[PDB]
Structure formats: structure tokens, C-alpha cells
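Worksheet: one structure, shown below.
Because only heavy atoms are used, hydrogens play no part in the values below, and waters and symmetry mates are left out as well, while side chains stay in. Per chain, numbering begins at 1; letters A, B, ... match sequence-line order.
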Amino acid sequence: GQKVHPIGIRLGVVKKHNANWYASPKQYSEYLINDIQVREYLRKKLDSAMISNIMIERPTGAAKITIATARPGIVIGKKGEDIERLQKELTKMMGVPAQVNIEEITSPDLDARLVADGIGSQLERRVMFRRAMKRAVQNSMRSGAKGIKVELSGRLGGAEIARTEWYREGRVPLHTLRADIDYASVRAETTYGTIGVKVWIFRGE
RNA sequence: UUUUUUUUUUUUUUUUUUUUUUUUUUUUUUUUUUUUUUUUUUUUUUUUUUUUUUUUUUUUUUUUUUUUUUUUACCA
RNA sequence: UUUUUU
RNA sequence: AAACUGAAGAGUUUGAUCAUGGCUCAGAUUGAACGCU
RNA sequence: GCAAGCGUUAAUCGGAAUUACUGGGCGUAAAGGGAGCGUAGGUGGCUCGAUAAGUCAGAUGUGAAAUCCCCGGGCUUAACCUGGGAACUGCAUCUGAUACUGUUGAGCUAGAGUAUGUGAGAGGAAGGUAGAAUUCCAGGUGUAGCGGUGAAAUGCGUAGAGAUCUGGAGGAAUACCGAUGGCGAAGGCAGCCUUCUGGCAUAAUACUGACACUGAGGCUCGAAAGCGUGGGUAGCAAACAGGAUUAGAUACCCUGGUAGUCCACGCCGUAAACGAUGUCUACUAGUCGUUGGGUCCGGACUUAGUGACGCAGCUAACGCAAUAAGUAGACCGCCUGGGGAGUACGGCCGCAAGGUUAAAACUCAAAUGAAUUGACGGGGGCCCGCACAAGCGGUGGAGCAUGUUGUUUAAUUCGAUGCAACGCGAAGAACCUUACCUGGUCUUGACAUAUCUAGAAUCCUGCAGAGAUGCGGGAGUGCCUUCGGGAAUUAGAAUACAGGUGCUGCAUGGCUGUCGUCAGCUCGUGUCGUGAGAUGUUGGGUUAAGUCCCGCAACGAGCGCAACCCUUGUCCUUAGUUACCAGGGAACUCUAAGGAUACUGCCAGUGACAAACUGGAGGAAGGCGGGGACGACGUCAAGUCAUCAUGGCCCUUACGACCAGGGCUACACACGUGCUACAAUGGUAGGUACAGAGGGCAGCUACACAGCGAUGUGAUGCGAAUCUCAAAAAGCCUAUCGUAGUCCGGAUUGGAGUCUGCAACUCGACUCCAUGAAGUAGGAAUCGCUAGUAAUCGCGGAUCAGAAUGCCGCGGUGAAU
């Protein structure tokens, strides 16, 4: 526990906030609470389709939610009937129409959250942690990442003593502020406890 | 028995001349030390064996007892 | 000159 | 014609190593005993 | 896995090459006898013969049968029985062979010895002698110290020391030479001279003719200490005495000091007696020293020693390496896990001390060698950081605030505990928070889904009660679809369950501290090593930096460093309101976006023809311009299950849930952080200046009036570059106080109020009047700070109804070193 968040330290130099609205000092708190509610609802509902970058920007009441997923087809549904239900469920627990327009991740091996959640799903499927970690490294490296680091922390393989393991390939220079490093941290709820999964994908400058 | 020596702080020792209680070691609190020693700062601490007696005042002067040491306890 | 221990 | 056919190692000293070196084990055997059957 | 058996125990061999004949070792792991001489023994040169014992071959006799093995035969198969073979590695007697061993005859010279000439040497034994120096004694001069130590003190000295000079006595050792130099079997042996005496080295000739090597027992010699008798006795010095040091100091240091050390003659018989390496022989790259000879032309060669390197070979490695630990041979000694133990007992030796030979029980699964990586050292070298030093100001003493301990309580909720817990979680406990205590209560429950019964929810009410709660009365009849009805909704009908700040941070995730913003930490390939590993990453510089350059069996890479980010320092451009004011202006400040500049870029030197450093110019800025964020691999089973999430454990009319009151605020006490002071560089009373940043509808308030004041009423502007908080204080001028516990300090207490809030008793903050406590500069000890810093002065904000001396920021003045 001695490292800054890669996204947060880069929030203004090369990255952008995944929430772009403006409020007044009194309105801001309720905007933020509603935003966090929508985010947690979305991440629990669309847990099948591999969404990674839900972005909330609300211009004057009406909002424009933008989810980026690697599998837009399943979350949109047939002719677009799941997306309408999602639209109205968002609108119900926000103020007025939440236009959710859905992007597409054309390289799911370069997004850190998709890699981390894949490793997590494999871990909850009682797959060897070393093999899952190495598979993710290989997949990202041959998909074209300039660097990938993946850290697995916890009771790995049912071990009584938790340990931290990791693999790195490429550069992933955390201290460089202009590095374009995607980062994700998820948890796999195994049968022996929680295993934390951290993924750094360094893509350029 | 006897004659001398005395008995005081936790201990072992100083007083004292009627007008007061002492070092040292402790002990307690601090401080140095990772922590304990050592060390350094502070403190606390005496029915002066007891009991009559004299004095305005006694641990100190008298008398008794009581512990302590000694030294004696011999002749048939 | 004088630093014992765990 | 034949009597000419036979040879395995492991554990344990160290943070690790190689050596030394003891201890221990896997085999065969019995005029056997004991326990369960 | 075995199976009518399967396991255990006992016992033997195996594995164990762990007694090694096959088939081990002894430099450092256990192991070379202290060294020699030599007895028994073992082994042993060349040539020509003899013999035929060993040896080899053949034949014969025998080596019982059974068993083992081979080929078969009979039991239904098999076990079993059985025929014939093979074998029985042996012994005996004859015959043959003669390479080797034995026994012999003759011969030989190469191993080993002899005679003769030269040479070196601390080889040994006995005498004598010399010169320095110490000590002692006796004198002359001389006067107050000497001596000793890290300091001292003991000690010596005015009865005259020490110093200096002159005589005398005596003992021991032999500076310089002096040297991995010499000699000796080892132990050992140093002045010089004589005597007695051993070995060695060397050139040639002659001679003997295997006379040799090794060697159990045995004998001899054998450092130092020690023992006996008799002498000696200067210095040194066990013991011993005193002085110091120390917690102690039977020591180390100091001052003395006896045995002993010296001699003679004897004992002892042991040493890390070491090269931790038995002796002897042969052979096997080389290079450079040195000692004693010799031969040739200052060198060359050859010998016997004595050293340093270094192949092959050897070794576990270190290392050895013609002076082997290599390649072989002869003989001897020794080892067989660590302790017990080189001990006991018994012999033998000894005057004794003791030596020598040498077990066992028992006990433990190790004990060891060499090397590797770290860590550490009261090891070495180089370097950095407010680490010290140089300074400035504090803390530790007072009162108060706050946190913790302890104590006390019904409870004083829980966690944080060396740095890196203690104004920490908590960015703000009257109720709430709240997790604790007392009491009053509820049980699918305050909260989610499954469900079916009525109703739009929702609003207004009465009483009882501290409240949670309990019992009752009125208004409303939703909306879309419409007679199935639906997003919400109130009271349960029950099972699932919910709920748990209950436990385990030593089951965990996430998050954080810390070494430490220290400069490190690794990897791939290559190479080296049996290997753990190494190299890279080390070295010469250089840097803030594993920064950079150059070397280099390394070549490269990664995370760290730096840079990219924010802020500040100068300028330019766009823009000019609510900002600004030089002459409505578009100058300026400012505001807030985008850029410019700074790069060792230029100059001079130093530097390996480098990296780099030193100084200079220009510039607002000069070398990293200043400040921040950014915290490598990892370490502390570091902190957090009470933010959260979570594995497991635990409670489900209760450890869950609701309400009122109380507690978290108690104080013999102790500590940690602070604030206010102890005053004159100041207090007080008047004037008069100069900020920044931040907040404001969950509000800030112009102004007026009332009040001593906190505040209260009316009212105005402002979601703010507009209005406001708001006046900055320290500062400057004048007066006064005149060193006093005061005109310092402002705790504590009494009284009266204002606000916030349902509510100020426990337990709020301010205001006013009165009181006026300790405190006069703080022990041992200890902390922060290197420049706009410390010190000091005010001003904002988060949390927040109210409640900062804490936290987070802002500017003012502004050092010392």
C-alpha cells in the first residue's frame, strides 16, 4: 500500500474524467450520489456483457450515459429490447430521460477492466491462478499492448497464507505522467476468500 | 548467673552535649536504552527495645525489663 | 579509559 | 547340447550448495511368536 | 497392495564401497607415530648357469550320499520324488615347463658404501674473554620533584630523590651484521677466541661389489613448563601485596614482588613437537629469485639445498603442483558419526606432577570440511542526510486545552502502543452521533425478494405514557388499462430470512504507515563454476541519482532516478467586466487561457583529446531557478474484519431492534502533543497606515436606532472581480506605567446576561462586573529549523444548529549560523 492510482494521478494530464457535468455546491452532492447509484446498478446488471467505461454526463436534467462494452450485441438485445428496458430503468431512478448510447470496444485485450474481470471469472471457475495470469499476459502482449502487468493477491490455490504474485511484460512505466496506462482492480470471490486482481496496460504516450 | 558492650530508617552503621536525627545500600518517581542493567536526576523514610523517672523540654539524664555480643562461672 | 544482557 | 545370466537407491545436518559422515527405510529369510481373521 | 492369509515384534544378511580382498581413506572433514636408529619381519639391481620348492599344465586317487545348478522322467499341475550329468573352487602323489618368486654357483656396476683433495656452516661439547645496557653500592654537583597512566593513585623523594659525573660489585643476554640466509634427524642452534668432535657439500681417480629400502616390539634423542640435590640471582616475572578501572574485577592497566628463568648433575617425555603433509625410489611443461660447490666462455651450464609463481594431472572445494596433495612401487603408522573420553578400571613408567596403553554403559540425529549469498563487527576505505558541529527558538518547571495510562465507576464504548500509539480513527460526544450503563419495550422485526387478503397514498385529530408506543374519530377514492387488472402504498399470514460496530488483520481483498524520494532492485541471452551462485550491477572518474562517460565476458532490457503534471519567478499574444485610471480611455495593474525563455546555449580554465567541474558575460531567472504531487523489488504475520468488501466461527423473543435518562466530560496520579504567560524589544490609552487567500440563500450583511458589551429590531445589496464577511494585527507617532508578583500574568470562583437549539444541571460558546491562582525563565534530559526558512503577527476554511488553543491553508515582518 504505497502506490498512487494510475487513473487518478493522470486524471488531468492525459486522461479525462469519466463524469462530465457541472452542478452548484448544493446540487452537486445529490448529482454525485445519483451518479454513484446509477454506476453500481449498471455494474451489477450488465455483469454478463463486459462493460468497462460507463461514463455519465448529464446536460441540464437529461443525461447521456455512454457505456463501452466488448459485447454490445447481448446488452442491446434483439432489435434493441433490452436497451429500452435499461433506458427506462435508468430514467426511473434519475430525473428525466437518460439517453444511453452504447460504444464498442474493438480490442478487449487492451482494456484493463476486461482483462481483470476475465482473470477474476477464471479464478472463480477454480482455474490455476498462474495459468490465468500468464494467459492474460500473453493475450494482451500479442494483442498489441506496449506493456502489461498483472498482480494476483490473496489466498491463491487455497493457501492459508495469502501471497502477492505478479507478472510484467513490456514497459508499463507507472511514474511517467503521459504514459497512457489503463488500470483496473477487481475482486474474485473464491471459496477461500477474496482474491484481488490488478491490471496495468501501458499503451503509448 | 556475674561484670562489661550495646539496641535508632528496608538493612548495616553515625550522633547527641536535655533543646535536632545521620551516611551507605535500598525503595518510589523521572531520565537515558529497542527493552532491561549500569548510569544520571528527584523524592520518601525513624514511638531512637520497652518501661517507670527527672526536667519546661530526654533517643540523650536515672531505674527496670528485654534482645545482642563478649568475659567469667572455680576447690573439694 | 569505561558498550553486561536479550 | 546345458550346467557359464549378474550388481537400482531414497530421506535426514544448510538460508541454499558440494563433500564428508552417521542414523533410518524400501529386499530376502525363519523350527518363529503375537494381534485380527 | 496382498489374500486364507495379512500385519507387528524378534533375529540374520543386503542396501553399507559404513573394515573397502574384490572395493575406502589420513594438508583443512576422523585419521602420519615428536624425531631417529635399529630387531623380528616384509620387500628388493643387471648378466650367464643349476635346481624345480612356489607358480603353471597334464595324469591318477580322492573330494560320501542328499542339497545347489543343467538335461530329462513320475505324481491331474505344482510343491515333491527321481535317473544321468555338472560342480564340489580342495588335498595328495607322479610327470612335464622354466617367464616370474624361492634356493644356489660365477660374473657385473648403475643402488649403497670406502680412500684421497678442496669448501661452507648460529651442528654439538668444554673452557676463556669483550663491549654496550640494567640493577645495587660508595662518593662530587645540585634542588624539588621523580615515576607512572587514557587519567590517576600506590610507590620513590628535602633522612636530598630523579638528572649529571667518577669508582666498585654482580648476573644475564649477545644490538648492528641478520637475510622465505645457514647448519642440525627432529627438538633446536647467533658476541669473540682456543680445545675436543659429528654430519654435509663438492672434482677426479681408484676400490667393494646389491653390502639396499622400510621397519611391529625395543632403544636413543626430544621445546617450554615442572621435579630432586647443590650453587647463583642483575633484569623479567607465575603466585602474592597494594593502587586504579568497574555494578562487581580473584582480570586486563600501574607499582612492587617470590618461585622460575641462569649453572652442575639427574628425572620428566609432553607441545598447534606443524608443512596439521611417514620414510625411501623412479618418472612428469616451464619462468624468476637465493645459498654452498663445480666447469666453461660479465654471463652460460651443471649440482645439492632453499623460496615465489605456473601447465598437465589431481582435489569436495580451498588448493597442491620436480621441496606434489601428479603418475607408480616398497614398508610402517593411523581412521571408521558427535559426545561420554584420551575418561574409568587394570598394567607399565615416574620422586611427584603425571605420562603411556585404553574401554563401557548411556545419550544425541546429527557433529563436521570447503565454498556461496546475505547480515553483522567496539574491521578497513569512500560517501550522503538539520546526523553532528556552528547558531536561532523551544519542550522538560506554572496555569489551561487536548490525547493516553492508571485509577474510579453502573458504564466511564471500541480501536491505535518503540521510531512508524498518545490534538491518532474523531473534518468538531448536551439530545442525535453512540457503538457503553440503567430502565421501559418488539420479535419475519427499522431494512430486501417470494405471497394472498382491503384500501390511492396522504392529511388533520383526541386521550394515556418520559418517549418508544396503545386505544379510538373525520375528509380524499388515485392514474393507465378497464372488468385478469399493474410501477407506490398502509396494518399480518407463515416459512425462507433479515439483522449483528459479535470474534479471528495470524484466513483475506481494498486502503495506509514505515525504512525512504534512500538509490537502488532485478530479468533475458551469453559466458564461468559439479553446485549454491557469479558476471552484468565491478573498476577510473563524475553526479542529487545504477546520473553520465570511459574501461571491462559481457551484450541488452525492465521497474526505480531524471523528464513529462501543478504552483511561483520575467515577457508576449487573445480579452477588458462587476477589473484598471497614464492621457471616456484600451495605456497600466489585475484577472485567466495560450505561448516565449534556460539548452552547460557562449567565453576562460581544470579534466583520460571524455563525462564533468570551476569561474564569467548576457538575462527576471544558471546549472535540479524555488515549492509540491509522483514513493522501486521488498521489510515489519506493521495498522485497519469499527468505512467498506469478504473465508470461516458465533447470536437468532437476541450479541438483533426502538425510546427516555445517564456515561464517553469522574481524578491520589503519570506521560505525550499544544496554548497562554512569567513582562519595559513590554502593558494600557489615543490617533495613523500596509495584505493575501477563502467563505456567503444549510447565508454574509451596508446603514439607522437601543444597549458598557455579547447582541436585538428595522432595513439595503449580493449566488457575488458588483454587496458582504472585514476591521488585518504585528508596525509608526504621543502620553503613561518605571521593575513591582506590578497598570505583568488571567487560571479559579461569585453575580447578571446574549445566542444556538425541544432542551446549556450533568455538559456549550461568548458578553459584562467583581475576584485575581500559580508563574520572576524552568533538573536530569530532550526537540524543530539552512532563507522568505526559523522566530513572531494576525486572517480564513472543513467538520459544524451551537461548540478549536487541534487540523488544513493565507499573507505581514523577518533573522543567526
### Query
First and last nucleotide of RNA chain E in contact with chain A, 5' to 3', at under 4.0 Å to a heavy atom: what are they?
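Nucleotide range with atoms under 4.0 Å of chain A: E:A507 to E:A698.
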Give a yes or no on whether [N] and [M] are a Watson-Crick or wobble pair, applying the 3.5 Å threshold to both distances.
N: E:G170; M: E:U208; result: no
N: E:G784; M: E:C392; result: yes
N: E:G286; M: E:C309; result: yes
N: E:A57; M: E:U508; result: no
N: E:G536; M: E:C183; result: no

Pairs touching [range] that satisfy side-chain hydrogen bond (donor to acceptor under 3.5 Å, both in side chains), sequence neighbours left out:
range: residues 41-56 of chain A; value: A:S52-A:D111
range: residues 195-205 of chain A; value: A:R178-A:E205, A:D180-A:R203
range: residues 95-104 of chain A; value: A:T66-A:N101, A:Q87-A:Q99

### Task
For A:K15, report the nucleic acid contact type (base, sugar-phosphate, nothing); a contact means any heavy atom under 4.0 Å.
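Here A:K15 touches no strand at all.
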### Task
Not counting sequence neighbours, list each pair that qualifies as a ring pair (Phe, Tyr, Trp, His ring centres under 6.0 Å) and has a residue in residues 67-114 of chain A.
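Non-adjacent pairs meeting ring pair (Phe, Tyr, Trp, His ring centres under 6.0 Å): zero.
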### Query
Which base sits across from E:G663 as a Watson-Crick or G-U pair, both distances under 3.5 Å?
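Matched E:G663 with nothing under the 3.5 Å cut-off.
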### Message
Contact list please: residues 150-177 of chain A against RNA chain E, heavy atoms, distance less than 4.0 Å, in numerical order.
### Response
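Residues of residues 150-177 of chain A under 4.0 Å from RNA chain E: A:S153, A:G154, A:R155, A:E160, A:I161, A:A162, A:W166, A:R168, A:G170, A:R171, A:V172, A:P173, A:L174, A:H175, A:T176, A:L177.
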### Task
Specify the residues of residues 40-51 of chain A, ordered by number, for which at least one heavy atom lies under 4.0 angstrom from an atom of RNA chain E.
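Result for residues 40-51 of chain A: none.
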### Message
According to salt bridge (charged side-chain N to carboxylate O under 4.0 Å, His left out), does anything in residues 128-154 of chain A pair up with another residue at least two apart or in another chain? List the pairs.
### Response
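Residue pairs with at least one partner in residues 128-154 of chain A: A:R130-A:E165.
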### Task
Return the set of residues passing salt bridge (charged side-chain N to carboxylate O under 4.0 Å, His left out) with A:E189 (not counting sequence neighbours), or none when no residue passes.
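Only A:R187 meet the salt bridge (charged side-chain N to carboxylate O under 4.0 Å, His left out) criterion with A:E189.
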### Message
Holding to ring-ring contact (aromatic ring centres under 6.0 Å, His included), I want the full list of residues that pass it with A:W166, two or more places apart in sequence or in another chain.
### Response
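A:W166 satisfies ring-ring contact (aromatic ring centres under 6.0 Å, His included) with no residue once adjacent residues are dropped.
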### Query
Mapping A:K26 and A:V197 to their closest nucleotides on RNA chain E, which lands nearer the 5' end?
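By nearest-heavy-atom nucleotide position, the 5'-most residue is A:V197.
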### Spacing of the P atoms in E:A216 and E:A35 (rounded, Å)
12 Å
### Watson-Crick or G-U pairs under 3.5 Å in RNA chain B, rendered as dot-bracket with [ ] for crossing pairs and | for another strand
............................................................................
### Task
Any chance you could measure A:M55, atom CE, to A:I67, atom CD1, to the nearest 0.5 Å?
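Answer for the CE-CD1 pair, A:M55 versus A:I67, is 13.0 Å.
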### Query
For A:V150, what are the other residues in its hydrophobic cluster, where any two members join if their side-chain heavy atoms are less than 4.5 angstrom apart?
A:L110, A:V115, A:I119, A:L123, A:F129, A:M133, A:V137, A:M141, A:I148, A:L152, A:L156, A:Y167, A:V186, A:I195, A:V197, A:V199, A:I201
